[PDB]
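Chains as they are written, first to last, in the authors' numbering: chain E, 69 to 211; chain X, 516 to 588; chain F, 369 to 441; chain U, 54 to 106; chain D, 1 to 97; chain S, 2 to 81; chain G, 16 to 758; chain L, 1 to 42; chain Y, 662 to 734.
All C-beta atoms in this analysis are idealised placements derived from N, C-alpha and C, irrespective of residue type, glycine included.
This report concerns only the one structure given below.
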Ligand code: CLA
Ligand code: CLA
Ligand code: CLA
Ligand code: CLA
Ligand code: CLA
Ligand SMILES: CC1=C(/C=C/C(C)=C/C=C/C(C)=C/C=C/C=C(C)/C=C/C=C(C)/C=C/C2=C(C)CCCC2(C)C)C(C)(C)CCC1
Ligand code: SF4
Ligand code: SF4
Ligand code: FES
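Below you can see the structure in the form of structure tokens.
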């Protein structure tokens with residue numbers, strides 16, 4: 069069921085000159101993200117944190133401090149260029165966790181192997197009044 | 516005295532307009548029909564549907580305190 | 369002078385609080401079906417008339433009080 | 054020839070290497086301060102620091 | 001007025017009658033050659049097509065690139081067929097790129 | 002963690018999914034509409050509370066709702 | 016490669032088709048409107064040409080003809096000024112006696128009792144005293160009759176017509192194409208040498224033949240109607256030979272290179288004319304001559320068609336070093352394909368220039384009878400300060416627009432821009448620290464002084480008598496300037512100004528034109544306040560520019576566009592995270608900075624320079640040196656400056672200065688009114704308009720264009736514009752009423 | 001001409017002409033019957 | 662300030678301040694324990710309202726008591 073690709077260190081990363089928008093202490097102590105793509109040729113692309121970098125012909129692996137920054141770079145790579153990307157989340161443990169695209173197909177394309185999470189079978193106008201859930205820990209929408 | 520008493524009347528009416536509008540619109544309006552399940556005080560409902568800055572009832576109170584200060588002034 | 373101003377400012381803050389807690393009630397503790405068609409629900413259901421007329425009264429007072437003051441000036 | 058380099062050559066850590074940040078004498082000086090005397094008992098570093106302050 | 005509308009489609013190519021004041025997609029449903037749709041309000045790619053001949057009114061358009069209007073693409077749900085135009089169906093992704 | 006809910010008025014347009022910055026939403030099979038699709042929110046622990054998804058919902062009222070809730074460092078979008 | 020005129024014939028046919036259609040340029044607008052928001056958008060994007068299309072050629076053609084339209088408007092304004100000076104003025108009476116008659120070139124019609132504004136300005140005339148300083152310009156140009164003013168007004172009218180026609184022509188009949196605009200070498204060659212070089216040479220030619228002799232005659236005391244007409248000075252030359260003997264040789268000195276034989280009317284005196292209180296005209300003529308020579312040579316630097324010259328690309332890409340990589344390589348391609356880059360550069364430079372102009376004009380008064388016309392001086396300084404500030408803020412606005420819309424490292428890559436984008440965080444952090452430090456050590460000194468004075472401890476205060484903070488550098492510099500003439504500028508007799516020193520007070524008609532300005536502790540404090548405010552507004556604007564494309568907060572800020580409300584209340588709340596919002600603040604801080612600057616100027620001038628001279632040489636100033644001791648605490652500003660100076664405007668009612676009192680109060684009102692837009696949000700207003708719409712619908716009187724509350728950005732725009740209008744207008748009324756009553 | 005008639009009836013121009021006419025009327029009225037605090041005819 | 666300037670501006674300023682603190686010698690030896698964040702939206706509206714009203718009350722009380730106390734009549 070779509071064994072996710074395993075992160076391959078020794079994959080080169082784009083030619084960058086350095087920036088003050090890179091990683092910080094949060095990447096040291098809690099987590100950071102890593103995105104990979106494959107680059108038909110060596111080109112210039114705008115970095116989601118600073119200026120411009122040069123993606124190498126062949127595997128490109130970039131480490132960002134925010135998942136949102138990764139998805140932004142992924143969107144730019146995917147529609148301005150035509151490049152398929154995947155990103156992971158790395159903990160200070162040395163664990164990696166394949167993040168996107170979760171089940172091999174982009175989420176804008178329906179896949180028959182996904183379950184419904186957080187779906188309510190009613191229209192939004194049929195939530196109970198807050199008075200109905202007073203003094204119980206539940207929220208009227210979580211129902 | 517006449518002119519300033521009518522200034523007072525305007526102050527009272529506008530403050531009560533703000534507060535009553537905040538109270539009667541607390542459970543929801545046409546711009547946000549499901550306001551009641553968001554609580555009494557919240558930021559806004561994002562920039563969609565034209566923008567919903569200061570849509571709480573807390574925001575109505577917040578706006579009415581200015582008019583209260585002005586009228587008591 | 370101090371006593372008068374003190375008590376008037378305190379009264380203004382108290383009035384604003386009364387209306388704020390009216391709104392908080394309407395959000396948190398109001399039950400529509402238990403209040404079916406009584407005075408509270410019927411207040412809620414013609415809120416547009418109340419708000420529009422409060423706005424008319426305040427517009428009239430403001431327009432004319434400011435206009436008379438500016439004419440005199 | 055270029056003077057400003059990424060930190061330790063890693064261009065994805067949020068900092069740079071410049072003259073004020075990383076030139077020989079300024080590195081030696083900063084390292085020779087009680088605060089950055091890592092292998093020294095903390096009490097004596099506190100003494101030196103406290104006396105100067 | 002009611003100019004004939006031609007639509008290439010994986011089902012084939014059919015001809016239907018519909019007045020210039022109405023969307024091609026709306027009268028298509030009245031005849032019965034099924035087409036895709038979702039929002040029905042001109043703000044999505046679902047009902048996308050492109051044209052072979054003629055051109056449709058771009059007045060009923062929104063949420064489109066400042067080019068999708070003149071590069072060929074169009075929305076069946078929000079479009080008035082000013083002539084005997086020939087259009088494509090099931091054209092979302094080669095529009096989605 | 003903010004809480005995102007999807008209601009059955011969803012027409013499965015998928016504009017909201019294509020709008021979210023953090024890949025919280027998804028498209029899943031269904032049978033209640035003509036697209037046989039509906040939006041799911043399996044990863045709300047990454048939701049920043051941006052509510053771009055609500056501005057992309059063409060239904061009235063909305064079919065995708067974001068209720069801001071307890072904040073995390075993921076929820077606050079903090080890089081430090 | 017070579018440069019030529021390249022045109023297109025009849026690109027757009029003049030027609031009334033699109034006038035009937037509202038927002039033809041915007042596809043969405045053209046169709047029509049569903050709500051009230053459509054009307055606001057129509058105006059907000061009328062002149063944003065680079066978004067109506069994507070063709071650079073069309074953008075630049077539109078820009079060219081819009082410039083023509085603006086020039087026409089300016090000419091119409093000038094002709095109106097000249098005509099009002101010709102017909103509804105007391106310019107001739109003022110010309111007979113300058114330092115008793117008050118200049119005024121506007122009368123009002125007696126409709127509702129407003130004729131009280133027709134005050135006694137002297138000269139058998141009743142009108143509204145003007146502060147434009149136009150009378151001084153006309154006197155310095157040699158204009159003695161109102162026939163000359165009439166001729167000038169009509170000439171400017173036909174020039175406005177010509178400009179309007181040229182605007183129509185260069186857009187609808189003969190519109191240039193892109194390669195014509197993208198030629199900047201020849202454009203610079205012509206603007207340096209042709210517009211500024213020939214312009215200033217032509218003006219020096221005017222002053223040599225018209226202003227010099229006519230002003231000589233006027234200063235000799237001749238009745239203005241007994242003066243020869245200017246053309247006589249050209250026909251009969253011995254008329255000039257009498258005033259200026261070395262007009263006898265007549266241009267043979269210019270070719271023998273015996274230029275010293277011209278030392279008569281081409282001087283290097285410096286200082287002021289003790290009779291008129293302005294600069295020597297024989298100095299201004301020499302100045303413009305030298306300026307002309309300099310610009311005429313300078314407009315020959317860039318290569319256009321004949322090999323000689325400089326390629327701007329070569330000059331740019333020759334400059335690079337070890338700190339900046341390949342700097343300046345690729346800027347020529349950036350500055351010739353994006354109008355916003357050029358616009359922001361030019362706006363920054365023009366604002367800087369306007370403020371330099373204000374300073375130099377207050378310090379070295381160029382026009383006769385200008386220095387002792389205190390109202391004109393104050394108004395000119397204040398007006399130019401405001402204009403400069405606004406332009407400088409617009410510079411930042413358009414730098415941000417460039418960064419968002421036109422910056423592209425894929426096709427147009429520059430190194431320096433990239434490096435600054437790469438260490439923007441260090442830049443902004445250090446600017447932040449400087450703002451904080453400067454704010455603590457300038458305003459904190461004022462707070463310390465206020466509490467030291469309120470605790471009955473004046474010895475502990477930061478003042479001239481307790482704890483001196485003397486600006487030793489400024490004092491040293493101005494003493495160096497005072498000693499300059501004869502020591503290190505041997506060809507000058509007087510120092511370039513009288514604020515430097517040397518004594519030599521100059522007065523005119525019993526009023527003080529100029530005297531040495533002393534710098535004490537209060538000057539130190541207020542100068543550091545100035546530095547602080549400038550640094551903070553620079554911080555806001557630079558932070559807006561550097562972080563316009565992306566940040567650590569929202570990673571794709573450019574996709575949201577240059578101007579937008581927010582991206583939801585996520586990540587904690589992203590209210591005003593856009594570049595446009597940064598410009599909105601900068602305007603607030605620019606207002607603060609310029610306000611403090613003009614207050615400083617006005618108080619210091621009314622306290623240490625202006626005033627009335629007397630028979631012994633005893634100078635009583637407007638305020639007896641109350642700036643040196645009272646300006647060091649905020650209570651002094653509130654009491655001695657605002658409360659004291661404010662009394663003039665409050666008592667204006669019942670006199671001819673009543674309009675200033677009215678504008679004082681009205682500006683207070685509109686300023687307070689702005690706060691309704693600046694403190695609230697559009698959600699409350701949409702919800703209120705909902706019930707108002709209900710009230711209308713109940714009576715079949717609801718409109719079809721659905722009324723919406725303003726956009727979030729529009730509400731901020733209405734709030735900031737009203738705020739600025741209110742504040743600037745109340746300061747305007749206060750200044751004018753005060754300086755016209757006490758001046 | 002037809003289009004000029006149209007443009008001259010667009011909202012801003014229609015309203016400026018209307019308000020200029022109204023201003024002229026009120027100005028002349030108060031120029032003939034000035035300083036009027038009441039209605040003194042009947 | 663809290664009423665005109667909004668959260669986004671301040672949040673980004675705070676984040677660059679955080680960078681600056683983490684990057685400097687002799688002071689990165691000290692670490693905060695809560696990540697500094699700009700005030701909330703509702704929190705900022707509250708703080709601004711509190712400042713506004715406190716300033717209001719204090720300046721008017723000063724003026725009233727000083728102007729009546731000065732003349733004592
Ligand atoms: C001096 C500042 C000021 C002024 C004049 C107003 C005025 C007004 N406020 Mg407001 N308000 C203010 C400050 C101010 N507010 C502040 C600081 C806040 C806190 C944020 C609020 C919050 C607030 C709220 C929440 C509400 C109001 C409302 C109102 C309206 C009340 C109705 C009325 O009185 O009739 C009119 C009074 C006037 C003073 C209007 C006079 C302006 C005249 C018409 C100008 C005439 C134009 C003239 C022909 C020339 C124009 C110039 C030209 C360039 C166009 C009124 C227009 C209430 C409302 O909407 O009423 C329904 C409302 O709900 N205010
Ligand atoms: C009930 C109150 C009231 C009324 C009815 C009036 C009425 C009047 N006032 Mg008054 N005023 C009032 C109160 C009032 N005022 C108060 C309270 C004050 C104290 C602040 C004043 C102070 C005041 C002053 C100082 C003046 C007036 C003037 C006037 C008169 C003309 C105003 C004018 O013509 O504008 C301006 C008209 C023009 C500028 C004409 C221009 C025509 C248009 C705009 C031309 C546009 C076309 C152009 C070609 C476009 C360019 C395009 C280009 C590219 C081709 C008018 C009868 C003026 C006057 O008396 O005239 C001498 C005047 O000077 N008032
Ligand atoms: C000696 C030649 C010369 C002169 C005097 C000027 C003068 C001027 N240029 Mg221009 N320009 C020139 C050559 C020249 N240019 C060349 C060679 C190019 C490139 C091919 C350009 C391209 C250019 C552009 C793109 C723009 C200007 C602009 C301007 C105006 C700037 C605004 C100003 O300062 O107002 C000062 C006002 C005056 C000096 C009033 C006098 C106006 C006189 C009559 C102008 C006549 C000079 C003109 C070149 C005559 C040739 C046309 C002829 C066939 C009739 C100004 C009038 C700006 C503009 O167009 O404004 C509308 C602007 O956008 N110029
Ligand atoms: C040579 C100077 C210059 C030029 C050519 C431009 C040109 C442009 N600017 Mg700009 N700007 C400038 C200076 C300049 N600016 C300065 C000095 C500032 C600082 C304030 C700004 C700040 C600025 C901002 C913030 C923005 C622009 C924008 C724009 C673009 C669209 C403008 C527009 O159509 O809006 C329409 C014009 C109006 C709606 C006019 C508004 C009326 C004003 C606010 C009232 C003025 C009151 C008046 C003086 C007195 C009161 C009158 C009343 C009482 C009757 C356009 C290309 C906009 C853009 O998006 O760029 C792409 C944008 O948002 N500019
Ligand atoms: C750093 C903020 C700052 C700023 C923006 C200004 C700005 C200004 N000063 Mg000033 N000044 C400053 C600090 C500053 N000063 C300090 C710290 C002192 C010593 C107490 C002075 C003493 C001073 C005098 C005596 C005079 C001025 C004057 C002036 C004005 C003319 C320019 C000038 O002569 O400056 C000159 C500034 C300097 C020579 C010192 C600059 C600071 C240097 C570059 C190092 C920065 C110090 C830093 C804060 C501490 C060390 C860094 C640390 C991290 C290791 C001008 C507006 C003149 C004036 O008042 O005009 C009317 C005047 O005569 N200043
Ligand atoms: C005896 C006498 C008389 C009479 C009098 C009278 C008749 C009285 C009165 C009065 C009145 C008549 C008063 C009142 C007031 C009121 C108010 C002030 C109100 C209020 C309300 C509120 C505030 C509300 C709240 C709320 C809400 C909002 C909603 C929910 C519910 C609640 C309730 C919570 C006279 C003088 C003639 C003569 C002498 C003797
Ligand atoms: S700008 Fe308004 S709508 Fe947007 S996040 Fe802030 S309060 Fe909410
Ligand atoms: S709040 Fe933002 S991140 Fe969360 S689901 Fe909506 S658009 Fe996506
Ligand atoms: S079905 Fe969405 S635009 Fe047609």
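Among X:526, X:568, X:587, which residue has its Cα nearest to the Cα of residue 706 of chain Y? Comparing C-alpha distances from residue 706 of chain Y to each of X:526, X:568, X:587 shows the shortest one belongs to X:568.
Using a Cβ-Cβ cut-off of less than 7 Å, give me the residues of the stretch 434 to 445 of chain G that come near chain Y, in sequence order. 440, 443, 444
Chain-ordered chain Y contacts of residue 587 of chain G [CB-CB under 8 Å]: 668, 672, 698, 699, 701
Closer than 9 Å by beta-carbon distance: list the chain E residues that pair up with residue 680 of chain Y, in chain order. 88, 89, 92
Inter-residue spacing [alpha-carbon to alpha-carbon] between residue 448 of chain G and residue 97 of chain E: 28 Å
According to DSSP, what are the bridge partners of residue 168 of chain E? Its beta-bridge partners are E:155.
Residue 50 of chain G and residue 721 of chain G closer than 7 Å at C-beta: yes
Sorry if obvious, but does the Cβ on residue 290 of chain G come closer than 6 Å to a heavy atom of ligand 1? no
Give me the subset of the stretch 123 to 153 of chain E whose CB atoms are less than 9 Å from a CB atom of chain G, sorted by chain position. Residues 132, 133, 134, 136, 137, 138, 139, 140, 141, 143, 144, 148.
Sorry if obvious, but does the Cβ on residue 690 of chain G come closer than 6 Å to a heavy atom of ligand 1? yes
Considering only the beta carbon of each residue, do residue 81 of chain E and residue 130 of chain E sit closer than 7 Å? yes
Indicate whether the contact test is met: 3 or more Cβ pairs, each with one atom in the stretch 118 to 136 of chain G and one in the stretch 159 to 169 of chain G, closer than 8 Å. Output reads no: the stretch 159 to 169 of chain G does not touch the stretch 118 to 136 of chain G.
Report the residue ranges of all alpha helix (DSSP H) runs contained in full by the stretch 151 to 197 of chain G; include only those spanning at least 4 residues, in chain order. List check, alpha helix (DSSP H) in window: 161 to 187, 193 to 196.
At a Cβ cut of 8 Å, what residues of the stretch 690 to 724 of chain G count as close to chain X, listed as they run along the chain? 694, 695, 696, 697, 698, 699, 701, 702, 703, 705, 706, 723, 724
For the alpha helix (DSSP H) containing residue 398 of chain F, list its first residue and its last residue. Element bounds for residue 398 of chain F: n/a, residue is neither H nor E.
Under 9 Å Cβ-Cβ, which residues of chain G neighbour residue 664 of chain Y? 690, 693, 694
Considering Cα atoms alone, identify which of G:263, G:346, G:599 is closest to residue 330 of chain G. G:346
Contact between the stretch 139 to 157 of chain E and the stretch 91 to 111 of chain E: three or more CB pairs below 8 Å? yes
Does any residue of chain L have a CB that is nearer than 7 Å to the CB of residue 190 of chain G? no
Taking the beta carbon of residue 76 of chain S as the centre, do at least 16 other beta carbons fall within 10 Å, making it buried, or is it exposed? buried
Closer than 7 Å between beta carbons: that is the criterion. Which residues of the stretch 417 to 438 of chain F meet it against chain X? Against chain X - using a Cβ distance shorter than 7 Å - the residues of the stretch 417 to 438 of chain F are 418, 419, 422, 423, 425, 426, 429, 430, 433, 436, 437.
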